[PDB]
Structures are given as structure tokens and as C-alpha cells.
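Here are the chains, one letter per residue:
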Amino acid sequence: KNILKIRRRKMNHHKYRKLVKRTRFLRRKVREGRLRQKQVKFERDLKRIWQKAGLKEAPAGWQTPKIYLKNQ
Amino acid sequence: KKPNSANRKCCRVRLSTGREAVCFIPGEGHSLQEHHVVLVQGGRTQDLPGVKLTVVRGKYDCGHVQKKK
Amino acid sequence: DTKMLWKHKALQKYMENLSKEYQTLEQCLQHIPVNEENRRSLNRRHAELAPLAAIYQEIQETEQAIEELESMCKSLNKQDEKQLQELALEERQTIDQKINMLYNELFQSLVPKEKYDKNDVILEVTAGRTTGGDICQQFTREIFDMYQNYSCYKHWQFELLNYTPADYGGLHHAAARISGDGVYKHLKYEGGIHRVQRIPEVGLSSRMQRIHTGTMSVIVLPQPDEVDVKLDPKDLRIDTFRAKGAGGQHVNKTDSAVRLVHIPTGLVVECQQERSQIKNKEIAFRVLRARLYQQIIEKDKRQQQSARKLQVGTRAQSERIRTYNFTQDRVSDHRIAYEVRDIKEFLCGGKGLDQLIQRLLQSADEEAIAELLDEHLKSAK
RNA sequence: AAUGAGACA
RNA sequence: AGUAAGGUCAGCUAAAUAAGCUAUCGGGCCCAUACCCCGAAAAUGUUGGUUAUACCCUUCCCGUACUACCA
RNA sequence: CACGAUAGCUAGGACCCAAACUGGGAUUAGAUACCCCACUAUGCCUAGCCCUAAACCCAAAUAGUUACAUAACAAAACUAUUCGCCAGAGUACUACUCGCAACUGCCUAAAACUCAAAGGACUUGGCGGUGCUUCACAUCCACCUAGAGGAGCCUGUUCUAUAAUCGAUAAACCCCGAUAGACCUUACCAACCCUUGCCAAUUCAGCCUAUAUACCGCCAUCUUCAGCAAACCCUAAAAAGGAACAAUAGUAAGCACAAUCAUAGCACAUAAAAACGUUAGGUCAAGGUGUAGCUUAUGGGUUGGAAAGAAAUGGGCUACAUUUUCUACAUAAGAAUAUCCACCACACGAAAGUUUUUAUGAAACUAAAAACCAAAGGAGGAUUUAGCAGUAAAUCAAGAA
Ligand SMILES: [K+]
Ligand SMILES: [K+]
Ligand SMILES: [K+]
Ligand SMILES: [K+]
Ligand SMILES: [Mg+2]
Ligand SMILES: [Mg+2]
Ligand SMILES: [Mg+2]
Ligand SMILES: [Mg+2]
Ligand SMILES: [Mg+2]
Ligand SMILES: [Mg+2]
Ligand SMILES: [Mg+2]
Ligand SMILES: [Mg+2]
Ligand SMILES: [Mg+2]
Ligand SMILES: [Mg+2]
Ligand SMILES: [Mg+2]
Ligand SMILES: [Mg+2]
Ligand SMILES: [Mg+2]
Ligand SMILES: [Mg+2]
Ligand SMILES: [Mg+2]
Ligand SMILES: [Mg+2]
Ligand SMILES: [Mg+2]
Ligand SMILES: [Mg+2]
Ligand SMILES: [Mg+2]
Ligand SMILES: [Mg+2]
Ligand SMILES: [Mg+2]
Ligand SMILES: [Mg+2]
Ligand SMILES: [Mg+2]
Ligand SMILES: [Mg+2]
Ligand SMILES: [Mg+2]
Ligand SMILES: [Mg+2]
Ligand SMILES: [Mg+2]
Ligand SMILES: [Mg+2]
Ligand SMILES: [Mg+2]
Ligand SMILES: [Mg+2]
Ligand SMILES: [Mg+2]
Ligand SMILES: [Mg+2]
Ligand SMILES: [Mg+2]
Ligand SMILES: [Mg+2]
Ligand SMILES: [Mg+2]
Ligand SMILES: [Mg+2]
Ligand SMILES: [Mg+2]
Ligand SMILES: [Mg+2]
Ligand SMILES: [Mg+2]
Ligand SMILES: [Mg+2]
Ligand SMILES: [Mg+2]
Ligand SMILES: [Mg+2]
Ligand SMILES: [Mg+2]
Ligand SMILES: [Mg+2]
Ligand SMILES: [Mg+2]
Ligand SMILES: [Mg+2]
Ligand SMILES: [Mg+2]
Ligand SMILES: [Mg+2]
Ligand SMILES: [Mg+2]
Ligand SMILES: [Mg+2]
Ligand SMILES: [Mg+2]
Ligand SMILES: [Mg+2]
Ligand SMILES: [Mg+2]
């Protein structure tokens, strides 16, 4: 019967939900690490825009927000 | 792997592209030593997982199988 | 026999080299004013080859006398026929009597290099993992009792160390120490995998009487000798340097530290714990002895692990040194291609296993001697 | 009242 | 160094009325093993002294533990 | 764009009762589970978030047809317009990436590598601590009688032992091959002899040498179970199945059961029978034989010798008495009776052991009788065997070799 496939998917999900719990703080470090590079790479993309347009400095009053930051 | 059990004479060589791969020696008996030059084909051995190359007998430092004498 | 062994060209050629070398030793000493340091070395080498050179010369004289037998049989007269059959048929047998003494002594005096043979050996048997059931576990018990009875036949001493029975009347694993004079000599080629092919009779596998193949692994490890640390002032350099801490005037004006340096090894042990140098010196000596003793044990572990992880291998039927086929009543060793019948007596130790070991050792000597004779040519070329 | 099968098509 | 402090069945505990559980040995139950039921065996680290012994003290031995500070 | 059970988060309020987690009790080898008791998050109201389900009627929306036509199963088959989705299985409701009031999260979603399969439905068989109905006449429970396990002895295995057989070894081995070993038997061991070495012949005799996993023979067993096999027919296909008596696809023969026969009337009962198969069940050692091995030796003959029981166990005989013991004797008798004691001496129970003698035999080590001797045993732990009437039990006798 099809139960031979639901059980196989049950064990994999049950083992994955223990791999996250055992190494929860390892994922916390990596997630924040990827978020910093995500923000930094976004800054370089905006920095490329104004440099190629001929300007020397970013337009006055423009401070790039940290979109990938925890807020509410 | 079962149900086929034996001792297959293999070797590990580094190819001309720089990669290092596992190869197999067909036939019975060989005199291959370390730092010898051989030629490898693209055949595969069904019994051995992972092995996907075979040395072609009769080229460079490996000769043909020697008849019993 | 020994005559066939001598007829090999490698053995005759090597003895020629000894004959040439032994004569060459005399020529250099008698003629050349050799220096005293070099002269003694040749003198010692001259004495060593003195029995070997004489043995080969007697072989040549004996071989030449055989050539006389061929010539006599050629020139045959009716009256001389009786004389030759009464002399040549006796001289040839007499010649065959003498060559046995020369050839046997050559291998009894050469004595290929041997080591250990006087250290207690631990014999470990396990349960191979190749087939389900107790066919392999039950078979482990039989061979374990085979060696135990074999030790009594060889007048050895058997010391049980570990014994773990299995659920279905078997041996999961076991280990014992065997002490004697020739333990490691005889029990050197018994290490490997012993395959068994039989129809189950007693045990869990007896529920279905179909021929099954199982395996078990035997580990033979020579246990090392004792340890006794020997130290003397020649091996220790003591640097009475100062120490760092908080003692006011006392620390600034006291060398309350010891740096022990083991000259033979190079180890540096420094103790600066207490206030007095006497306390520091006492502890430093104790630590150096303890650390040196630990190094010896770790050396023993590496040697044993590098040996017990070789005989075990991957625990597969592909590797095996002996196959026990109860179905056809044969016990065959793959190395020597020697097959023995009557497994019932073979598994009870005694002469059944002793006879097999004798050919294993003779084959070992044959391989080493044959290679050495070629290696003599390699050194000569 | 927990466990067991190896070289049978 | 000094001081403290302990050794008991194979193992771990409580008592000195040397016991309890487990392990070990024998048997039963089951197709066989384990569980389970039944029966038996088993020790006071060491020497000396403690009416006489043991729980005590002493000697030997192993191992455990704290402290080694002001200049 | 808007919404989305339940669980979960943030803030405030409510709390009868239920209740993850946690604590106690019990069960179990262990029970951080099922069962019992207590109580928290929470289930509830207001405001915000999360956006996941077997979110399954596993069947998409709108118009229709009952024509064509049964893979299987299920909820019968199909046409028109349109959108979404699907390219072997495992890796994978995963890694990396984009968005998200999410931060142990959701959505999107690969590859390296491994295998030649994964998967849907069905058929027969086996099994089920699945349910319903019916039934065990030695039988599972309830229940009857006599015994085994406790002791001695006899005998058979395992282990121990020796230079000194082999085979059986869950039910279906264990007074088994043996209705039978002092030599012989005998196949075992230690020595010492013989090499056309039984016969008409043979570059051949001989082998208790290996293989019951090559076999014929002769059986064990499910089994006092009723089913097996061949011919033929049927099925909108057939792996297979084949009955309804007021009958709906089956038919007549073969083997087995049945009937009959034996135990000198019938009856009943007991014997005898019990197919096809299952366990590669037991037997190369009744004998024969395939294949493999030996051939001045694994063959043949002579002489002597296979002891011994630390210990464990199975099946038996004799007991542990008063329904008994002893004597006479067939069954209506006399006497004894573990206790008393001022001393004594005593019951039941040696089958064992010592000594003597007889029987067989060339040889007694084997058997039997007597005298002496009087030990364990005071109704036997867990557990377990047999029997439904001339049966259990008690007692007597003969025969096979
Ligand atoms: K069925
Ligand atoms: K009995
Ligand atoms: K005889
Ligand atoms: K035969
Ligand atoms: Mg998985
Ligand atoms: Mg190929
Ligand atoms: Mg293939
Ligand atoms: Mg070429
Ligand atoms: Mg060329
Ligand atoms: Mg298994
Ligand atoms: Mg287990
Ligand atoms: Mg919701
Ligand atoms: Mg909710
Ligand atoms: Mg809620
Ligand atoms: Mg949160
Ligand atoms: Mg709240
Ligand atoms: Mg509440
Ligand atoms: Mg409540
Ligand atoms: Mg609890
Ligand atoms: Mg719903
Ligand atoms: Mg769906
Ligand atoms: Mg839908
Ligand atoms: Mg739609
Ligand atoms: Mg609509
Ligand atoms: Mg519609
Ligand atoms: Mg159909
Ligand atoms: Mg397709
Ligand atoms: Mg794929
Ligand atoms: Mg999910
Ligand atoms: Mg995910
Ligand atoms: Mg009964
Ligand atoms: Mg009786
Ligand atoms: Mg008894
Ligand atoms: Mg007995
Ligand atoms: Mg026997
Ligand atoms: Mg047997
Ligand atoms: Mg014979
Ligand atoms: Mg058979
Ligand atoms: Mg009939
Ligand atoms: Mg009749
Ligand atoms: Mg009748
Ligand atoms: Mg009958
Ligand atoms: Mg009948
Ligand atoms: Mg068989
Ligand atoms: Mg059987
Ligand atoms: Mg048999
Ligand atoms: Mg025969
Ligand atoms: Mg036999
Ligand atoms: Mg034959
Ligand atoms: Mg003979
Ligand atoms: Mg008994
Ligand atoms: Mg009987
Ligand atoms: Mg009587
Ligand atoms: Mg009377
Ligand atoms: Mg009496
Ligand atoms: Mg009497
Ligand atoms: Mg008597």
C-alpha cells in the first residue's frame, strides 16, 4: 500500500527535525552571516549605480537602509 | 558486492587532466608497480561500485596476459 | 629430499661465491699488509665462511665421483658386469648417503634471520560477519578448543584472558595468552580467516539442513617485553633557572624552578610549582619518568594496531588462509595447496594441526632462502 | 508472550 | 612533606544475627534464546594484640583526599 | 488583490473543566509508554501575527451525450472550449537562491553519488495475542486414579578420561541400530607378519574409505488429516476458479478414506490400513550402487589391550511399611510391628558390597544360590507423563537371541 511511502517521508522529516534542534545555534550563526553578506552585496550594487552615473558621492540625504535587519 | 565475492585487482591512477580516479585491471596476473604509465578506457565493472575505468592491456608498461608456462 | 634442493642452480652458484670470497679473504690477508682495523674484520669473516667453504668443496668431490659411475656403466664387460653391479650400485647409494649430511647442515647452519620467538603471544578469535545465524559463531568454539588442546600437545601454557559466550551456544569473541619456547614460531601463519562449509547439525542453524558458508577471524599478536626506566646524571641536564609569580623579595632572589632536559631523547620537563627548589626538583624527576614511560606504551600500541588491523582486514570471504569443508571432509590451506582429510581428528589438535604447520614453516624457509640466493646475485650485480 | 532464516527454484 | 581516610562474595550495598540484589553453577518452562519459576555454592584489604572474636586497635600493602601561606 | 481549521507567537483579561510538559503510583528485564492521581502551557474573550493539514469527495472550471465501449480496483463510459500540473526510484516536504511582522520558520527547489529497479491493482497459499458459530469423551479448562523429578541400584546419553569404534541426538534421540560385546563379535588401539592377496578367468581381487546433499531398498512424521492425480467442458480471459436440491457449470472413471478381511457366530471393540506431498528427516556400517580416494596399503592375518567416573541428566526395577512384614496355606489363622530402657535388643528397607559355592565356557571378568552385612530412604522443589472398562493399577507366566 501507499503507506510504504508516507513512512519513508515520516522518518526523513523526523530526522531532519532533530538535525535542526541539535545544531540550532550553528544555523543561527550562518543565517546572520549570510544576512550580512546579503546586505553588504546590496550596498555595493547601489554604490555601483552612482559611480557609473558620473557622481563622486552619493546623493545628499540618501542613507541606504538595512532592509535585511530584524524589525517589527 | 554480494552475491559475487572475489578479490579484484584494481589500481589508483591520476589521469592526464589532473584528476585522480580508481581504475581496474582486466585479465589474470599483472606486474604493475607504482609510478608506471598505463592507458585507461571508459568501460565499467558491474560488480564493483565506483570503479568506472579499465586499463587496456598491451600498451605502455602493461603487457598482455601471460600464458601459463 | 635434500638432493633435489641442491640441484637448483641458485644454491650451487651462491656456494661458488662463498668459495671465491673465502679464498679472496686469504689472499688479501697473506699478501697485502692490511691495516689492523681492517685485518681483524677480514679475520672474523674468514672464520665465519670456513665451515661453508669446506662443505661446498666436499660436494664437488662427491659430484665428480658420480661422473665415474656413468663412465663405468658405459664400458661394460661380461666379467666386469658383476663387479660394477656389486660396486657402482653400492657407491651410488653410498654417495647419496653423504650428500644428505652436506645439504642438511647447510640449511641447519645458514639459519635465516629470526626474531622474537621468546615472547608470550596473545591469540584472539572472533565471530566473522558474513552469514546470519550461529553457523559462524558455533564454528568459532570448535577451533578455539582446537588450539587449546594443541597447546597441551606442544606442552605450552594456556592462559584464558577473555571469554564471551554467544546466545545460541557459541563464541562471540575470545582471547588467550600462550607461553612457551616456540609459540610465535609455530603460530605465525595461523592468523587470518578460517572459512567453514558444513551442513548445520547443532545450534540455531540446525532448523534447516542446507549447506551454509561461514567465516571466522584469528588474530595472533606477539606481546612485547617489560619496561624499566633507566636514568643517570649523564642523561639529564638541569637548568636551575628562575620562575615567575608573586612572592616579593623571595621570588626576586631565588632560582625556584627546574628545567629537566632528557639528553638522549630531547624532552623538556619544567616544574616551578612550589616555593622551594627541592619540591620543584622532586616533582620534575617524577614527571619525566612518567612521561617517558607513557611514550613506550604508545609505541607498543602503534605496533600492535598496525598488525591487528592487517590480519583482520575487512572480514570478508575473499580473504582466507584455510577452508574447512565438512561436507567433503577436507581441510585445505590455500598458501601451500595442501589438503588434509578426517576433519574430526583435525579439530582435536594433536598431530592433525602439527603436521600442517610443519609444511607451512618449511615453505617459509624455502621462500626466504630462494630469494636470498637471488639477493646474493643482486648484491653481486 | 521480547527475539530468530544463512548458498532452495 | 604532613595530615585525613578506606579496603567485605566475581560486582555493588547493609549489617558483624556476615544479610540483600546481581553475576556465576545446576535444573524446569519454550521450537531455541532471553524473560520468568526452583535449588545450590560464594567473602570481613593485611600482620599482631583485643577474656575470645567481630565492627576495634596495631603492622604491612594498595588506593583515595586536603593543605603547602606572609615577605 | 482578499481569505484560510488546528497547533504556535506578542500584549491584556477570563479559568468551571479538559489537558502536552512535569511529579507520584502501578506494570515491566528496563517503561523517561499504554493504565491510575495531581497540576501548568493552552483550549476561551479583545487587538496583531503566523498562512501550515490525509486543506482528500485523493475525482479542476464551464456546456453537454448514454452514443462508442468493460486493463484491474474504486465512485460507469465520454465529447467540446480553457487553465494548472506531470519526463524512472532513492538522495529530497533536503543543500544553495528570491520574497515574507516568518529567525528551530514558510514558499520556490537542484546536483554529485547509488541501484535495475521503485510503484498501482489482483490471484492462490500460509499466518493472525482478528470477530461470529460449532467442537475436544484421555481431553485444552473444570475434574478422576496411579506415577516421574527426592534415595539406593540397573541401564542409555552428554561431559570428564584413555593409545583405543561408528550411527541416532526438538515433537520424529536417549534398554536407540543390539530379540544383545569376557576371546569371537569388532568395524577401535598398540605390536608383529603377508603382497595376483577366497573365485573358473581378468594389466585384476579387496576397502566398515569420503559423500544419506548423487540413490535404490526399509521407514519416521503431519495421520484415522481427506484429499491427490489424469481425460473433458465453461469464464466479454483463464494468476486462477467451478457450489446453491423448491439447484445458479460442471462430468464419468483411477488412488486413499469407506465397505470388506483377520481376532474361528453376529455385533461392538481392537488390530490391520492410511494416497499425493512436507522435514535435502534417519540409514553408504543389512545389502547393492553413482561419483571421488587407496593399491608392498585407507587391503589381509596373528597376539594382547579399549581402562576410569569429578560431575550432570533421561527411561526403568525395588522401596520408604499397618490395605504392612514373617510362616503355614489360596484368600475364617499364629506371630512381628522404628520404641522403651534398671541393661538390652528390635520394625520397613541392599537390588548394593565382602566371603563361599553352583551353572556355562579352553579361559569368569558374566549369571544364579547361601552365609555375613542393614546403608540411603519416613512419600519427594519448579515442573511433568499415562489412562475412558475388562481400560488404569496390582500380580503371575512363557517366548524370541
Ligand atoms: K486465502
Ligand atoms: K527415574
Ligand atoms: K583379536
Ligand atoms: K561407495
Ligand atoms: Mg530517508
Ligand atoms: Mg567491459
Ligand atoms: Mg547485473
Ligand atoms: Mg604495444
Ligand atoms: Mg607506438
Ligand atoms: Mg538477521
Ligand atoms: Mg537483540
Ligand atoms: Mg490560521
Ligand atoms: Mg488557534
Ligand atoms: Mg491559540
Ligand atoms: Mg519568537
Ligand atoms: Mg498570552
Ligand atoms: Mg489554566
Ligand atoms: Mg483538572
Ligand atoms: Mg513516572
Ligand atoms: Mg476538510
Ligand atoms: Mg490535492
Ligand atoms: Mg479540489
Ligand atoms: Mg480553475
Ligand atoms: Mg462561477
Ligand atoms: Mg458539469
Ligand atoms: Mg477478472
Ligand atoms: Mg511517459
Ligand atoms: Mg531523478
Ligand atoms: Mg512541510
Ligand atoms: Mg525547507
Ligand atoms: Mg493427558
Ligand atoms: Mg512404583
Ligand atoms: Mg530418581
Ligand atoms: Mg544414571
Ligand atoms: Mg557413543
Ligand atoms: Mg553424530
Ligand atoms: Mg579397514
Ligand atoms: Mg535425506
Ligand atoms: Mg467413497
Ligand atoms: Mg469379523
Ligand atoms: Mg469395526
Ligand atoms: Mg496401527
Ligand atoms: Mg479401512
Ligand atoms: Mg540431511
Ligand atoms: Mg528432526
Ligand atoms: Mg545423519
Ligand atoms: Mg559398501
Ligand atoms: Mg560412516
Ligand atoms: Mg562403487
Ligand atoms: Mg589392517
Ligand atoms: Mg539427578
Ligand atoms: Mg523406553
Ligand atoms: Mg517386597
Ligand atoms: Mg491376621
Ligand atoms: Mg528387616
Ligand atoms: Mg529383608
Ligand atoms: Mg546381593
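Residues numbered from 1 in each chain as written, not as in the entry; some residues may be left out. Chains lettered and ligands numbered in written order. Part of a larger assembly, values for the part shown. Heavy atoms only, no water.

The PDB entry annotates chain B as Mitochondrial ribosomal protein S12 of Sus scrofa. For this entry, the PDB record gives the title as "28S mammalian mitochondrial small ribosomal subunit with mtRF1 and P-site tRNA".

As annotated in the PDB entry, chain A carries the name Aurora kinase A interacting protein 1 and is attributed to Sus scrofa.

A. Layout of the overall build of chain B. Within chain B, the regular secondary structure consists of zero helices and two strands. Counting only C-alpha atoms, chain B reaches 40 × 35 × 20 Å along its principal axes. Across chain B, contacts joining residues at least 24 apart in sequence account for 42% of those joining residues at least 6 apart. Total accessible area on chain B stands at roughly 5600 Å², and carbon and sulfur atoms take up 49% of it. On chain B, the mean spot of the 14 positive side-chain charges and the mean spot of the 5 negative ones are 6 Å from each other. (Helix = DSSP H or I, 4+ residues; strand = E, 2+ residues; numbered from the N terminus. Contact = heavy atoms within 4.5 Å. Areas by Shrake-Rupley, 256 points an atom, 1.4 Å probe, with all protein chains shown as cover. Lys, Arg positive; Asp, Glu negative; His and termini not counted. Charge placed at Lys NZ, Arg CZ, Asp CG, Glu CD.)

B. Highlighting a positive patch on the surface. All names here are of chain A. Together, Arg17, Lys21, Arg24, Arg28, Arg31, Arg34, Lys38 and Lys70 make up a positively charged patch on the protein surface. Those elements that provide at least two residues to the positive patch are α1 (3-22) and α2 (24-52). In terms of residue count, the dominant contributor to the positive patch is α2 (five residues). Within the fold, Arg28 resides in helix α2. (Patch = residues over 30% accessible without salt bridge, like charges linked within 9 Å, V, L, I, M, F, W, Y side chains within 5 Å. Salt bridge = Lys/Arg side-chain N within 4 Å of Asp/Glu carboxyl O.)

C. Structural detail: the layout of surface pockets. Residues and elements named next belong to chain C. The computed volume of the largest pocket comes to approximately 1500 Å³. In this structure, the largest pocket is lined by 35 residues; those nearest its centre are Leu361, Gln362, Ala364, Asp365 and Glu366. Of all the secondary structure elements, the ones that give two or more residues to the lining of the largest pocket are α1 (2-6), α2 (9-31), α4 (78-110), α6 (183-186) and α10 (351-380). Residue classes in the lining of the largest pocket are distributed as 15 nonpolar, eight polar and twelve charged. In terms of residue class, the lining of the second largest pocket is made up of ten nonpolar, five polar and three charged. (1 Å grid on protein atoms, 1.4 Å probe; cavity = no way out; pocket = protein on both sides within 12 Å on 5 of 7 lines; lining within 4 Å. Points joined across faces, edges and corners; volume = space filled by probe spheres on them. Nonpolar A, V, L, I, M, F, W, Y, C, P; charged D, E, K, R; others polar.)

D. Inspection of the UniProt feature "binding site: Mg(2+) 2" (unreviewed entry) in chain B at higher detail. Residue and element names in this part refer to chain B. The sites that UniProt annotates as "binding site: Mg(2+) 2" (unreviewed entry) are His64. Owing to a relative accessible area of 60%, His64 belongs among the exposed residues under this scheme. Here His64 is in contact with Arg57 and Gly58, once residues within four sequence places are set aside. (UniProt positions renumbered as here; feature names shortened; annotations may be inferred. Buried < 20%, exposed > 50% of the residue type's maximum accessible area, 1.4 Å probe, protein only.)

E. Inspection of the protein's contact with RNA strand D at higher detail. Residue and element names in this part refer to chain C. Taken together, 13 residues form the shell around RNA strand D, and within it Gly133, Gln197, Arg207, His212 and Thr213 come nearest. One of the side-chain nitrogen or oxygen atoms of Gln197 is found 2.9 Å away from a base nitrogen of RNA strand D. Among the residues forming the surface near RNA strand D, the class breakdown is four nonpolar, seven polar and two charged. (Near = heavy atom within 4 Å. Polar contact = N/O pair within 3.5 Å; in protein donor to acceptor, adjacent residues only side chain to side chain.)

F. Geometry of the pairing of strand β5 (residues 212-222) of chain C. Residue and element names in this part refer to chain C. Most of β5 is tucked away, with nine of its eleven residues classed as buried. Here five bridges tie strand β1 (residues 121-126) to β5, and the two strands are oriented antiparallel to one another. Note that in β5 the partner of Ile122 across the bridge is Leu221. As defined by bridge partners, strand β4 (residues 192-198) adjoins β5 across seven bridges and the pair is classed as antiparallel. Bridge pairing in β5 links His194 to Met216. (Pairing = 2+ DSSP bridges.)

G. Quick look at the UniProt feature "binding site: Mg(2+)" (unreviewed entry) in chain A. The sites that UniProt annotates as "binding site: Mg(2+)" (unreviewed entry) are A:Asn12. Looking at where A:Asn12 falls in the secondary structure, it is placed in helix α1.

H. Layout of the UniProt feature "binding site: Mg(2+) 1" (unreviewed entry) in chain B. Residue and element names in this part refer to chain B. On the UniProt side, "binding site: Mg(2+) 1" (unreviewed entry) is annotated at positions that read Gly58 here. Structurally, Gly58 can be placed in the segment after β2 (20-24). The exposure class of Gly58 is partly exposed, given its relative accessible area of 40%. In this structure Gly58 touches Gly63 and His64, once residues within four positions along its chain are discounted.

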